[PDB]
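Below: one structure, written as structure tokens.
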Amino acid sequence: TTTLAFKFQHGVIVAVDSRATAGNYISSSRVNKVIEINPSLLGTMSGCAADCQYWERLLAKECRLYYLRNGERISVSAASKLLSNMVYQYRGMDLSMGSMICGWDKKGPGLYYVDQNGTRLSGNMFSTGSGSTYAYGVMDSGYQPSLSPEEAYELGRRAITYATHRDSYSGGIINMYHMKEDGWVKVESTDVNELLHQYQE
Amino acid sequence: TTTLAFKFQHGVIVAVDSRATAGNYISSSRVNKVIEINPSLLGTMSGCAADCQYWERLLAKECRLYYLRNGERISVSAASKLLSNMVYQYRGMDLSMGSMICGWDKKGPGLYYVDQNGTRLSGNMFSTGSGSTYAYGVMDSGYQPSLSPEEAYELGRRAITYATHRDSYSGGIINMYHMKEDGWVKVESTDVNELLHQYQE
Amino acid sequence: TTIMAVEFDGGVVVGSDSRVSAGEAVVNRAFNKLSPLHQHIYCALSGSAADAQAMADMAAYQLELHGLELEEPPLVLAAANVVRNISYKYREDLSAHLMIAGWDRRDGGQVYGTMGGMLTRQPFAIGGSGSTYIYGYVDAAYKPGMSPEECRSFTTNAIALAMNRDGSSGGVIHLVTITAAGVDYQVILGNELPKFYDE
Amino acid sequence: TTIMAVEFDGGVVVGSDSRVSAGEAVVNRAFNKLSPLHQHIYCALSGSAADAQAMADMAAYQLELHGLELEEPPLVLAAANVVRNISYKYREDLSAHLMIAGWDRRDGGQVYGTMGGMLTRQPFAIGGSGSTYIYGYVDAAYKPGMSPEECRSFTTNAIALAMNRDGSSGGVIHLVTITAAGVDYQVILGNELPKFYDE
Amino acid sequence: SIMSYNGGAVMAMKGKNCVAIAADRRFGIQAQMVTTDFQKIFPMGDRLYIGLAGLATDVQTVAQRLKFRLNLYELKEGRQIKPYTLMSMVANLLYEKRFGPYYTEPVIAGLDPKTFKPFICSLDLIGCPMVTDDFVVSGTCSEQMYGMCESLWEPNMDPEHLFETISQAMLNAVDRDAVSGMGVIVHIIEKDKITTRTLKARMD
Amino acid sequence: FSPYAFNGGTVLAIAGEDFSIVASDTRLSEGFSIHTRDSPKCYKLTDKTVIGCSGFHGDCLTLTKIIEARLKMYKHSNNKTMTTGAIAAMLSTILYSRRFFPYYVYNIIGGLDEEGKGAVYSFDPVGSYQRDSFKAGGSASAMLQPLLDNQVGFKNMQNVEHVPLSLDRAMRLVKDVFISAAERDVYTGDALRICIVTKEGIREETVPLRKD
Amino acid sequence: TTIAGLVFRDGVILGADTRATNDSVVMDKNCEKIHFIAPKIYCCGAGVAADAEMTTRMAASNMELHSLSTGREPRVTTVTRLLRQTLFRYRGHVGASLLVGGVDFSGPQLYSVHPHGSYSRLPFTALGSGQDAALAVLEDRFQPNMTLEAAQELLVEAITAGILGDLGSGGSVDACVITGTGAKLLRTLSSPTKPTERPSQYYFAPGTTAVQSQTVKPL
Amino acid sequence: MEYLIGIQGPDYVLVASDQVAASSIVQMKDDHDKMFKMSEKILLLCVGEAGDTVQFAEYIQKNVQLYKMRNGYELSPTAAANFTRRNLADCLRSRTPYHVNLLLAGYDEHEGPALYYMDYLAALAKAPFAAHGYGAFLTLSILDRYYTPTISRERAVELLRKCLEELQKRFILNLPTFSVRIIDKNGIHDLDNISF
Amino acid sequence: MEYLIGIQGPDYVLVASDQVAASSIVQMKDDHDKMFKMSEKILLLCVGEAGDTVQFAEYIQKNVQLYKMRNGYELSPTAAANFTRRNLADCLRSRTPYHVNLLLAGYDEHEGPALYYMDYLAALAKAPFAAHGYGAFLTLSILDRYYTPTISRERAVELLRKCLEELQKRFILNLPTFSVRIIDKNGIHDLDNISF
Amino acid sequence: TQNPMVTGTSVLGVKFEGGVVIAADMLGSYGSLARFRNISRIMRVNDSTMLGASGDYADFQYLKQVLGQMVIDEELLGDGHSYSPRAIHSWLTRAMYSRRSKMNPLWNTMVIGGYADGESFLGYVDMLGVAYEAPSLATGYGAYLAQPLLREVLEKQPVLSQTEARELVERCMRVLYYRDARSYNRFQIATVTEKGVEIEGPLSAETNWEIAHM
């Protein structure tokens, strides 16, 4: 698994690969590693698929309940804090979940990294999963805060593509989103092999 | 155990503490942690006392044999290489020896660090033993290559003193030597408690 | 430890050795391993001393209350069932076999084995660490229709053979004969024990 | 596995069961555990099949050469010493007891136990996993001055009692009588085995 | 497991008077890919090839040691080694390290030097040969290869049909195996020619 | 003491435009022995949903009875039959409830969705699931999946018409791949049970496999 | 693997299945498990395939040397002794379970050799993972001095039981009949199992696979 | 490993810490703040196990803030340090122990400046200067050699720089930037970050 | 962890490595050279277990030098790489195995530039570019994205700087200086060290 | 339980025309020692159901007591409803599974035989909760030694009579005594038909030791 996220001048880019595995066996090449909590809130998944899917859906439930009760959409920081506290109750029981909470509330764009250990950090850019180190290299070498939308899409597409090329547990399709002030939009779903061949041309 | 060595403009300073222990029990406060291989060659000892004493004496034997055969005094680098190779034959058998080989041959002053793993490095300054980290702090903060002889003695005395103050397995007396072009000279043998009280005054 | 109980027309004969050991040291060489649960019901303890004593005391208490409630001497089967339940319920915690032998007015003299929670009635039963050495002997010597005197002899011989071979057994032989008339104890000291091939 | 050898005025009587097991599966139900080391010397194998067979073959070879060199029938003690040496030398590697029974013109019929490298001469000897259940029985049944016929009966009974109790023993009973005249084999099949209390 | 440390898949297929041998081209340590053109199939004659899968270091050692023995064998006896004889040579070589074996499961594919009869076989790490008349697979995705071969393989296929069969078998088999891929090389061994092709494969 | 046992078996689901197939073998194994040659792994949930379960048979029996009870409970409180998708989502939570002493079952749901199209949901033991076009689970799943990728998904093929999968062709594919899996996987054999789910209802079929 | 042997009136009959597996996957659907030791002596192998193969080849090679030097037919007892002495030397590390059957000057003989070096001379035996099924058949129907055809039938049934009851066994049934006169190696005596007749079909054309590069070398 | 350091002066407490948030071999964050404001004149630097650090620190912070809301006045540094120790000690033998190392710095009107050292086993110790992590091994002796009780705040910053520079050249970890704060009678003041 | 990196160009091989010699948590040396000259146009970068690295590298170096003395001409990079692999492979199953990771760079008159990758299990692989250690995880993808087969040496140095800068900000280890060398037809040339 | 003490070996079960036959030896083993040689491992549940159990005897006695009370409890009602063979098999399956899920299993492998509404029932229930039904069953060592003989006869003649099934069962018992080291030559044969449950024994199998002279 490779997932990344970075904030630039025109919002937040979120990109993931779609490979799931069981040992050396590729169980799926089309798994969805982004949950859509609401129109301006997203969550990435990496680690144990059952843990990620279950806890991120439970966060979505609480976010929806938060909205109904307080009559407003939960902030990115509060949503990430909710998840952080939820998984801290099972610390040490071998949960495996590394996720990013991306959205856009009243304090502009927001990106948080949350993991099963209880780590919770706000930042400008993050990468998780087994192919994260490879993604960091590409992302960091081509990141500029004044990147244009098309340029930001390319960087995201490149970072993930290269991670799938080197990391055995990453691959399939790159799914990318773009968090904007009026909500997120799904950018593309490009097969990483199509991309890689064109990059080597 | 705390031992240090650094090369400055007027030769090489060698200093050690004199504590030996067995568990929490202080077996000795007057152990000698510098072997005098010859008039211009010294070796420090830290780690397992039986290993250090035995292998450094065996190096001394070979150095003496080297002299008789080739009709010249062995160089610092060749002496350190001898020790390095000697202890590399027992790698993995739980030998414990971290030593410095200090002298002055045809290539000026020489300082080598050699340990039981087979590490062998030439350098300007080194510190070994359990109190080495503390000695490094003091030594590095007060080291200058143009230090005068009296200033170099003070730095050495300070580094060891402070290491004995913080490190439970270090203490006793500081034994210091000064490697010069015409051979080494024994500087002093000051009790670390006398020193520490005067430093706190 | 070697324990034994034999049935006979009219009652039972229970017997055991008297050795309590702690590794290689004999902590008690004259211990009575035969404990009375009721007036006409006895039990032979084997395994862990603390466990056996804890269970026997528990059963005696339960049977005592039971007896008074029903206003009638308890059945031997009831006593065995009371022991079986305790032994089965705490099978992972306890480590002792309480052999059950006695006499009631319904089914005469009965011998029950309650090792590990399992309950079975037999004509004769042997337990303890020394019982392994006398399996062949009891199988070849036991004959149906044995009289009380013959049962005591059979019991004495078997236990004596086990005591001589087993390091965890030894000392004297405690003997008990239960019948309608009552309970009659007997102790066979070291010098009066049956002698066999000891060479 | 249950093996037995008894001495009598004029020779010996060796016997065993025929069960070869692999856990709970019987890999051989008619195995002969009695092996001849020499014309008048036999051995009962017990423990590991491979080890026992390896040692017996080794001893037979050594004794064969010894016999030819000295131009005289080997002594029973020599055979036992040859087995004892092998068993002691490889005590940490081998796991089998080769009981030694035979007859020579010097000391008549002798029975030797060579388990674990230790050597001892006895009037009668029992070994194998099923021997533990018949210790009491042989101690109470053995009598000095037993005739050949009585020894075979004693042996047969003891082994039969062990076979019925031990899961590692069973099948048929192989019997061998050694004397000056020669060696006479005998096999007691399942239906002709002595019957005892099997209830 | 040591066999999956570097990954890799090799398969041999029998056709009508022709043999096919294919393998993946990935060389990686655990999850990290290092190169994408690691040689796993080595020539042992004009129409004789050996495919090796398993620990990369042993793949290279075995290949080199086998070459050493084959060269000497082909100098001593003045002839090209027969496919069956090579199998025994390899088995003997693998059996020598019975209690400290090379971590590699070889597959041999070729045609007899004088009769041009198709021959394929596979051996386990300790050297137990297995001659088949259809196909042999070896590697981290052997199960996937079995599925593909079992349903795609047909008897008496021609050079073109055999190529398509083994290509489809390998391609789809390595796509379900995370540590096998980065290209596929196929060797088609015929009486008068050898055709080497690199397939268009997934590089993830 | 181990509370699990591997009882073998393979399950496959295929989704079509107006149908769903769920098939499995009928061998029940333990160790190197066969418990029985007549133990199918597909259960009917509703009139348009079937579940295939493989793995530890103890958990397969218990899980199918728990799902059957939850279907009735849902019907009683909502006055409608659970849809294939709702069953998939509920199964996920049931499997995650035992996340620290997990059911050793590989589930594959096959049925029709609300629009009447074939649907297939695959699951891992702790509950992670997704909708697929075709999926193989259990003992010989790694032998079957690649073939499905190439024959159904048309992977690795050039200049090939991607015609929609008919029921007829789907049935022949299922029988073929199970025959091939019976040759290689020791746990797969005896017989193949195929359930076809269409709008007319569910019809079963049984094809013999190798007994050895 | 299911292997068995039985002594009949005029000789011995060996039998075995033809399935070789890797853990739980069938690698070979037709492997020969009845190896040649000598002209009138054969051996069935179970356990580690590599060990059984190398051990029998070695025994056959050593028996040939012995036969060449003595100039006589090899005895079955020489083979079993050579095998057990070798196996005992390796202390069970050489996982070879053998069933040696042959007819020499002293008549028909059958032995079961185990990995540790122990051996058993019996009228009928069975080894391998399907050894219990085959033994069950033998115990229930074996009679002393059976006719050649009656023995074959029994052996076939014994092997058959292992093929259908044991997951480790399968495929065809191989048999080997040895008598004073000749030896009949019946590779594939019965084929009780086979695959389907293929309901559907799938094929590729002469360009279904995209090719990146090509290199043709004429010979 | 995380680095914490405290230097108490005549009427001020100077504290600093690394800003690295690491995940295995990569630095996920380089501006991480390991200091938690408990009150107007109290800072709590906490390092250690992921999750535990923030959970324990925020738990303490909430109770200290609650104390001020309930009574009007704030808790003193000494009282806050003992409150922290008590809480950390109580969980030590419980099912969920906090694996955190702390430095509690603060200023009290009547008691003056104070610096507390607390390890993961809840042993509390008052000290003129202290450090946490692997960096303490190479910096404690430097503090020993240059620290004087009447050290001025300007000189203390110089002393802290020496320690930070020692880590730069001797420590194997990459800690390029440190948060620097000071607590006197005017409250908590942020100082320029010391970077390399 | 030690860092090695190689980039092969049309007619040159550029290599670099960290200069840190570490002992537990302290950097004992900051100018350590991990490159060993085997011949006029061959370099051997070796990292790994203490002792083993220098012992194996010098053992190889001595044999390569001996080869040149015995025959007159030097061993080619390819031959030297295989010689190294063979030696490393032979000790793998022996009582004393060398736990070293290597990069063999060299230039041959007829074969051109070459860069070999060798792990501790003696698996040999030729490659256009490669890296060793934990730093390779964060730099290999950067090489993948910018590396082209016709890359000029001036551009290669720029590419190497990008990798080194990535380590500076992302890697948790303190590797402030790297040795940089280049091998073309004129031999081995030392380049300016890249420091931060 | 965690560690079974006294255990029973194989249990056989064969379905026939109008009934079910079940056999088991009367031995209670303590390791490799045949300790209790006269214990019944077959229990009559009700008029149409019988049960044979292998494994830990104490657990079998506990289940017998719990099953016996259930049959009694339901009979007190006298409402015309009675547990069928299938219902008993289902209950047992649930009981074993629940115990297995609490990591405190009942160490037994049971065979359920029954006859209701002109239909024979033969179910298997192990300690892990694994349950199924077939034409013939054999627990423990019987699966490798007796099951193959039963299947061979059922492959050629799917439906056999009471006599044929009885003769087949006796043939298996003889083979089990020969090859199973934890077996005893004293068994019971339980038969369930429309008339009810009949338990015969103690029986013995005629053994042949002709191979000893060979």
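Each chain of the structure tokens is named A, B, ... in the order shown, its residues numbered from 1; ligands are numbered from 1 in display order.
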
Determine which residues of chain H sit within 12 Å of chain A, taking into account only C-alpha atoms, and present them as a tab-separated table (two decimals) with N, CA, C and O atoms, in the first residue's frame.
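Result went into part03.tsv, see below:
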```
chain	number	residue	atom	x	y	z
H	20	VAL	N	11.35	16.88	15.83
H	20	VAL	CA	11.20	15.77	14.91
H	20	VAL	C	10.15	14.73	15.31
H	20	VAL	O	10.15	14.23	16.43
H	21	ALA	N	9.23	14.45	14.39
H	21	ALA	CA	8.23	13.41	14.60
H	21	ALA	C	8.66	12.34	13.61
H	21	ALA	O	8.59	12.54	12.40
H	22	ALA	N	9.14	11.21	14.11
H	22	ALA	CA	9.63	10.16	13.24
H	22	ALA	C	8.78	8.89	13.18
H	22	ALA	O	8.14	8.50	14.15
H	23	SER	N	8.78	8.26	12.01
H	23	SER	CA	8.08	7.01	11.77
H	23	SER	C	9.10	6.07	11.15
H	23	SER	O	9.43	6.19	9.97
H	24	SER	N	9.60	5.15	11.97
H	24	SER	CA	10.63	4.19	11.58
H	24	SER	C	11.90	4.90	11.09
H	24	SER	O	12.65	5.43	11.90
H	25	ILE	N	12.15	4.92	9.79
H	25	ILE	CA	13.35	5.56	9.27
H	25	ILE	C	13.12	6.94	8.65
H	25	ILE	O	14.07	7.60	8.24
H	26	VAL	N	11.87	7.38	8.58
H	26	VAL	CA	11.58	8.67	7.98
H	26	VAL	C	11.04	9.70	8.97
H	26	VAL	O	10.34	9.37	9.92
H	27	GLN	N	11.38	10.96	8.72
H	27	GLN	CA	10.91	12.06	9.55
H	27	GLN	C	9.61	12.55	8.93
H	27	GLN	O	9.62	13.19	7.88
H	28	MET	N	8.48	12.23	9.56
H	28	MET	CA	7.18	12.63	9.04
H	28	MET	C	6.88	14.11	9.29
H	28	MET	O	6.15	14.73	8.53
H	29	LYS	N	7.45	14.65	10.36
H	29	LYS	CA	7.25	16.05	10.71
H	29	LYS	C	8.55	16.65	11.23
H	29	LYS	O	9.27	16.00	11.98
H	30	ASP	N	8.86	17.87	10.83
H	30	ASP	CA	10.09	18.53	11.27
H	30	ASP	C	9.83	19.79	12.08
H	30	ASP	O	10.76	20.53	12.38
H	31	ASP	N	8.58	20.04	12.42
H	31	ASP	CA	8.21	21.21	13.20
H	31	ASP	C	7.30	20.81	14.36
H	31	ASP	O	6.51	21.61	14.85
H	32	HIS	N	7.44	19.57	14.80
H	32	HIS	CA	6.65	19.03	15.90
H	32	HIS	C	6.97	19.72	17.23
H	32	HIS	O	8.13	19.89	17.59
H	33	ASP	N	5.93	20.12	17.96
H	33	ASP	CA	6.11	20.79	19.24
H	33	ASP	C	5.88	19.81	20.39
H	33	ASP	O	4.78	19.29	20.56
H	34	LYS	N	6.92	19.55	21.17
H	34	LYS	CA	6.82	18.62	22.28
H	34	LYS	C	6.52	19.29	23.62
H	34	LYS	O	6.57	18.65	24.66
H	48	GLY	N	8.54	10.11	24.53
H	48	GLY	CA	8.30	8.71	24.81
H	48	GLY	C	7.47	7.99	23.77
H	48	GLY	O	7.52	8.32	22.59
H	49	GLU	N	6.71	7.00	24.23
H	49	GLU	CA	5.87	6.18	23.37
H	49	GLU	C	4.82	6.98	22.60
H	49	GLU	O	4.20	7.90	23.13
H	50	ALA	N	4.62	6.60	21.34
H	50	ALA	CA	3.63	7.25	20.49
H	50	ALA	C	2.24	7.04	21.10
H	50	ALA	O	1.94	5.95	21.60
H	51	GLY	N	1.41	8.07	21.08
H	51	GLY	CA	0.09	7.98	21.66
H	51	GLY	C	0.11	8.39	23.12
H	51	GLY	O	-0.46	9.42	23.48
H	52	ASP	N	0.79	7.60	23.95
H	52	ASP	CA	0.92	7.86	25.38
H	52	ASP	C	1.31	9.30	25.71
H	52	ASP	O	0.70	9.93	26.57
H	53	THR	N	2.32	9.81	25.02
H	53	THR	CA	2.80	11.17	25.27
H	53	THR	C	1.69	12.21	25.20
H	53	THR	O	1.47	12.93	26.16
H	54	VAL	N	1.01	12.28	24.06
H	54	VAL	CA	-0.07	13.24	23.89
H	54	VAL	C	-1.26	12.95	24.79
H	54	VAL	O	-1.88	13.86	25.32
H	55	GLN	N	-1.58	11.67	24.97
H	55	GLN	CA	-2.71	11.29	25.82
H	55	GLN	C	-2.48	11.69	27.27
H	55	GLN	O	-3.36	12.28	27.90
H	56	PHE	N	-1.30	11.39	27.80
H	56	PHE	CA	-0.99	11.74	29.19
H	56	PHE	C	-0.87	13.24	29.38
H	56	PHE	O	-1.43	13.80	30.31
H	58	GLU	N	-2.10	15.75	27.59
H	58	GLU	CA	-3.37	16.45	27.45
H	58	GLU	C	-4.28	16.15	28.64
H	58	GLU	O	-5.06	17.00	29.06
H	95	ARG	N	-3.24	-1.65	34.21
H	95	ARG	CA	-3.23	-2.32	32.92
H	95	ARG	C	-2.72	-1.42	31.79
H	95	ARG	O	-2.12	-1.90	30.83
H	96	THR	N	-2.96	-0.12	31.91
H	96	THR	CA	-2.52	0.84	30.89
H	96	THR	C	-1.55	1.88	31.44
H	96	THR	O	-1.96	2.97	31.84
H	97	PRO	N	-0.25	1.55	31.44
H	97	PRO	CA	0.77	2.49	31.92
H	97	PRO	C	1.26	3.42	30.81
H	97	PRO	O	1.36	3.01	29.66
H	98	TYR	N	1.55	4.66	31.17
H	98	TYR	CA	2.04	5.64	30.21
H	98	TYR	C	3.56	5.59	30.15
H	98	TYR	O	4.24	5.79	31.15
```

Surrounding residues of region 77-86 of chain G excluding itself and chain neighbours under 4 positions, 8 Å, only C-alpha atoms, as number ranges by chain: D: 54; G: 55, 59, 63, 90, 100, 111, 113-114, 116-119

Could those selected residues go to a file with N, CA and C atoms, as an mmCIF file, in the first residue's frame?
```
data_model
loop_
_atom_site.group_PDB
_atom_site.id
_atom_site.type_symbol
_atom_site.label_atom_id
_atom_site.label_comp_id
_atom_site.auth_asym_id
_atom_site.auth_seq_id
_atom_site.Cartn_x
_atom_site.Cartn_y
_atom_site.Cartn_z
ATOM 1 N N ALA D 54 20.318 -53.293 15.433
ATOM 2 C CA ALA D 54 21.679 -52.896 15.097
ATOM 3 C C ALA D 54 22.680 -53.485 16.086
ATOM 4 N N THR G 55 18.555 -43.732 -2.532
ATOM 5 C CA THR G 55 18.866 -44.930 -1.764
ATOM 6 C C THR G 55 18.704 -46.215 -2.580
ATOM 7 N N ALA G 59 21.507 -48.857 -3.739
ATOM 8 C CA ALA G 59 21.385 -50.264 -3.381
ATOM 9 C C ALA G 59 21.445 -51.139 -4.624
ATOM 10 N N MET G 63 24.263 -53.869 -5.429
ATOM 11 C CA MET G 63 23.820 -55.244 -5.609
ATOM 12 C C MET G 63 24.350 -55.775 -6.934
ATOM 13 N N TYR G 90 22.693 -43.181 8.937
ATOM 14 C CA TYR G 90 22.208 -41.803 8.888
ATOM 15 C C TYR G 90 21.192 -41.462 9.981
ATOM 16 N N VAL G 100 10.729 -53.901 0.229
ATOM 17 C CA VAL G 100 11.516 -54.742 -0.665
ATOM 18 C C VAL G 100 10.859 -56.101 -0.853
ATOM 19 N N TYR G 111 10.025 -57.552 2.714
ATOM 20 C CA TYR G 111 10.509 -56.801 3.864
ATOM 21 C C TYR G 111 10.039 -55.358 3.877
ATOM 22 N N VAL G 113 11.268 -51.777 5.266
ATOM 23 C CA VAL G 113 12.413 -51.068 5.821
ATOM 24 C C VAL G 113 12.030 -49.647 6.210
ATOM 25 N N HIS G 114 12.386 -49.256 7.426
ATOM 26 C CA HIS G 114 12.067 -47.923 7.919
ATOM 27 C C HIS G 114 13.281 -46.999 7.928
ATOM 28 N N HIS G 116 14.866 -45.232 10.169
ATOM 29 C CA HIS G 116 15.889 -45.389 11.202
ATOM 30 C C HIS G 116 16.774 -46.625 11.036
ATOM 31 N N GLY G 117 16.358 -47.558 10.189
ATOM 32 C CA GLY G 117 17.144 -48.752 9.949
ATOM 33 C C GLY G 117 16.513 -50.060 10.378
ATOM 34 N N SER G 118 15.348 -49.994 11.006
ATOM 35 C CA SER G 118 14.663 -51.207 11.439
ATOM 36 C C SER G 118 14.018 -51.900 10.242
ATOM 37 N N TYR G 119 13.851 -53.216 10.331
ATOM 38 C CA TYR G 119 13.243 -53.970 9.242
ATOM 39 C C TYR G 119 12.299 -55.058 9.741
#
```

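You will find CA of residue 76 (chain B) at 28.0 Å from CA of residue 40 (chain I).
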
May I have the residues within 10 Å of residue 31 (chain E) as a ChimeraX atom specification, using only C-alpha atoms and disregarding those fewer than 2 positions away in the same chain? /A:24,130-131,166-170 /E:5-7,28-29,33-34,178-179

Who sits within 12 Å of residue 25 (chain F), only C-alpha atoms, same chain under 2 positions skipped, as a ChimeraX atom specification: /F:7-12,22-23,27-29,36-42,52-54,137-140,174-175,177-179,181-182,185-195,205-211

Those residues with C-alpha atoms, as a PDB file, in the first residue's frame please?
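The resulting selection-v5.pdb:
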```pdb
ATOM      1  CA  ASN F   7     -11.403 -28.551   6.202  1.00  0.00           C
ATOM      2  CA  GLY F   8     -10.551 -27.559   2.610  1.00  0.00           C
ATOM      3  CA  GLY F   9     -12.941 -26.657  -0.177  1.00  0.00           C
ATOM      4  CA  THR F  10     -13.100 -24.002  -2.889  1.00  0.00           C
ATOM      5  CA  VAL F  11     -15.865 -21.465  -3.602  1.00  0.00           C
ATOM      6  CA  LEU F  12     -16.329 -19.363  -6.719  1.00  0.00           C
ATOM      7  CA  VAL F  22     -22.099 -19.495  -6.883  1.00  0.00           C
ATOM      8  CA  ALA F  23     -20.283 -22.840  -7.084  1.00  0.00           C
ATOM      9  CA  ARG F  27     -15.323 -32.540  -0.262  1.00  0.00           C
ATOM     10  CA  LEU F  28     -14.945 -32.122   3.498  1.00  0.00           C
ATOM     11  CA  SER F  29     -11.423 -32.947   4.632  1.00  0.00           C
ATOM     12  CA  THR F  36     -17.452 -36.931   3.543  1.00  0.00           C
ATOM     13  CA  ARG F  37     -17.697 -36.413  -0.212  1.00  0.00           C
ATOM     14  CA  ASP F  38     -21.121 -34.786   0.016  1.00  0.00           C
ATOM     15  CA  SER F  39     -20.711 -31.502   1.932  1.00  0.00           C
ATOM     16  CA  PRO F  40     -21.621 -28.501  -0.312  1.00  0.00           C
ATOM     17  CA  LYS F  41     -20.279 -25.075   0.615  1.00  0.00           C
ATOM     18  CA  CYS F  42     -23.033 -22.840  -0.811  1.00  0.00           C
ATOM     19  CA  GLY F  52     -20.235 -19.766  -0.355  1.00  0.00           C
ATOM     20  CA  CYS F  53     -18.235 -20.556   2.781  1.00  0.00           C
ATOM     21  CA  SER F  54     -14.934 -22.412   3.070  1.00  0.00           C
ATOM     22  CA  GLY F 137     -12.053 -18.256  -2.550  1.00  0.00           C
ATOM     23  CA  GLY F 138     -10.765 -21.159  -0.427  1.00  0.00           C
ATOM     24  CA  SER F 139      -8.283 -24.013  -1.001  1.00  0.00           C
ATOM     25  CA  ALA F 140      -7.700 -23.711  -4.778  1.00  0.00           C
ATOM     26  CA  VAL F 174     -17.094 -22.767 -13.934  1.00  0.00           C
ATOM     27  CA  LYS F 175     -17.152 -26.487 -14.756  1.00  0.00           C
ATOM     28  CA  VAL F 177     -11.895 -24.371 -13.835  1.00  0.00           C
ATOM     29  CA  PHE F 178     -13.197 -26.721 -11.126  1.00  0.00           C
ATOM     30  CA  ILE F 179     -12.124 -29.735 -13.173  1.00  0.00           C
ATOM     31  CA  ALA F 181      -8.558 -27.499  -9.720  1.00  0.00           C
ATOM     32  CA  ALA F 182      -9.536 -31.103  -8.925  1.00  0.00           C
ATOM     33  CA  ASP F 185      -5.548 -29.247  -5.353  1.00  0.00           C
ATOM     34  CA  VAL F 186      -5.863 -32.305  -3.088  1.00  0.00           C
ATOM     35  CA  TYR F 187      -8.681 -30.665  -1.066  1.00  0.00           C
ATOM     36  CA  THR F 188     -10.914 -30.117  -4.118  1.00  0.00           C
ATOM     37  CA  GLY F 189     -12.816 -33.046  -5.578  1.00  0.00           C
ATOM     38  CA  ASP F 190     -15.801 -35.395  -5.407  1.00  0.00           C
ATOM     39  CA  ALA F 191     -18.472 -33.154  -6.950  1.00  0.00           C
ATOM     40  CA  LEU F 192     -19.241 -29.609  -8.054  1.00  0.00           C
ATOM     41  CA  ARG F 193     -22.361 -27.861  -6.878  1.00  0.00           C
ATOM     42  CA  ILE F 194     -23.406 -24.894  -9.034  1.00  0.00           C
ATOM     43  CA  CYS F 195     -26.134 -22.441  -8.010  1.00  0.00           C
ATOM     44  CA  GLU F 205     -26.741 -28.277 -10.702  1.00  0.00           C
ATOM     45  CA  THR F 206     -24.285 -31.023  -9.719  1.00  0.00           C
ATOM     46  CA  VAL F 207     -21.287 -32.176 -11.738  1.00  0.00           C
ATOM     47  CA  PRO F 208     -19.021 -35.081 -10.698  1.00  0.00           C
ATOM     48  CA  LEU F 209     -15.341 -34.420  -9.995  1.00  0.00           C
ATOM     49  CA  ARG F 210     -12.423 -36.784  -9.413  1.00  0.00           C
ATOM     50  CA  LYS F 211     -12.847 -38.867  -6.277  1.00  0.00           C
TER      51      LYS F 211
END
```
